[PDB]
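In: Based on what follows, work out the 3D shape:
(chains A and B, ligands or ions: 4)
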Amino acid sequence: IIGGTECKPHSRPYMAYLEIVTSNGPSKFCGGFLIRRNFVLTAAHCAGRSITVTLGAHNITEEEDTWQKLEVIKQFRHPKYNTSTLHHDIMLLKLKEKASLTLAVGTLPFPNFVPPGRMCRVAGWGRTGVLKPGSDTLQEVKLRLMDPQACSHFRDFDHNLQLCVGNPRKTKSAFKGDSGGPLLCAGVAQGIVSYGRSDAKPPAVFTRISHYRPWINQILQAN
Amino acid sequence: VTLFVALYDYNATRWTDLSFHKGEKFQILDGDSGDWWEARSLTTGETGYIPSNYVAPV
Ligand code: NA
Ligand code: NA
Ligand code: NA
Ligand code: NA
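Out: Numbering: from 1, shown residues only, chains lettered A, B, ... in the order given. Ligands and ions are numbered 1, 2, ... in the order given. Okay, here it is:
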């Protein structure tokens, strides 16, 4: 998260830190959010061989009693996910068991097409600058939903599928490590951090949750 | 695992990309979900998407 501020600890209790393993080599990291006691939502590009979810975290580098660490038992990557464009960058993760509801750990269950112009908030543990390490602490930033034309330079960007996020005149943006995290508008999850420019210049591209709601509903009803 | 080698340099344009140089070697983590492949660089240990036509099996 670039240009943001440290979250009040545990103020965003749905936030999930994902550690994604592949055999031998080092693991990779993403964000996510708990939408049901045993389901986390995140980006499809965060998939891998096995995933561990940490809930209840603020400083992710220091274990504490609020933490709940759960193994993923099933990954539901959107079946139309395309790596060249990152279209349909959305995945549901089924956890091995239910999380406990505490002050630090809670769900953000879903309650319309969100138009350009509103202010929204995104949180994550990603880099705080192009060459910065991942953030020890959960950060958040307030970002403007832009007209889809503000994302024209990503030729494959599709307003029906994706949100264009972050006033290009500012430095505020989600960045590497924030992928999978939720964009909340008036308290409702409306986007998922997907990708942006290598130089971190906003806007970045988020998956538009509204388009995928039927698919999400389908996976939840059957699992 | 079979290794892949870069045939050209590439500079990332999206943060989900890897950058790389001709000669760099990779393990392919996801080459089955589109024409960009999720790869791990044996030089850097970083993971990201690369255009599939920029590499060949070692
Ligand atoms: Na394509
Ligand atoms: Na439980
Ligand atoms: Na477009
Ligand atoms: Na990477």
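
In: Skipping its backbone neighbours, what lies nearest the residue nearest to the spatial centre of chain A in space?
Out: The structure's chain A has its C-alpha centroid closest to residue A:181; by Cα atoms, centre = their mean the separation is 1.5 Å. Closest residue to residue A:181 in three dimensions, ignoring its sequence neighbours and counting by Cβ to Cβ, 6 or more residues apart in numbering or on different chains: residue A:31, at 3.3 Å. Yep, even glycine has a C-beta here, placed from its N, CA and C like the rest.

In: looking at it, that neighbour is touching residue A:179, isn't it?
Out: Yes. With contact defined as Cβ atoms under 8 Å, residue A:31 and residue A:179 form a contacting pair (6.6 Å).

In: The two: which has the busier surroundings?
Out: The neighbour count for residue A:31 versus residue A:179, taken as other Cβ atoms under 10 Å in any protein chain shown, is higher for residue A:179 (31 against 28).

In: Hmm, residue A:207 and that one touching each other?
Out: No. Using Cβ under 8 Å, residue A:179 makes no contact with residue A:207, being 10.1 Å away.

In: which residues are common contacts for the two?
Out: Residues within reach of residue A:179 and of residue A:207 at once, by Cβ atoms under 8 Å, 6 or more residues apart in numbering or on different chains, are A:43, A:194.

In: Helices along chain A, start to end?
Out: Read by DSSP state H, chain A holds these helices, from start to end of the chain: A:209-221.

In: got it, and chain B?
Out: Counting by DSSP H, chain B contains no helices.

In: what's the closest non-adjacent residue to the residue in it positioned nearest to chain A?
Out: Of all residues in chain B, the one sitting closest to chain A is residue B:34 (3.3 Å; Cβ to the nearest Cβ). The spatial neighbour of residue B:34 that comes closest, neighbours along the chain excluded (Cβ to Cβ, 6+ apart), is residue A:83 at 3.3 Å.

In: which ones are touching that neighbour?
Out: By Cβ under 8 Å, 6+ apart, the residues touching residue A:83 are A:45, B:30, B:33, B:34, B:35, B:36, B:37, B:38, B:49.

In: Cross-check the contact I'm expecting between residue A:190 and residue A:121.
Out: No. In this structure, residue A:190 sits apart from residue A:121 without contact. The criterion is Cβ under 8 Å, and the distance is 10.4 Å.

In: more neighbours, these two?
Out: The residue with more neighbours, out of residue A:190 and residue A:121 and counting by other Cβ under 10 Å, is residue A:190; that gives 23 against 17.
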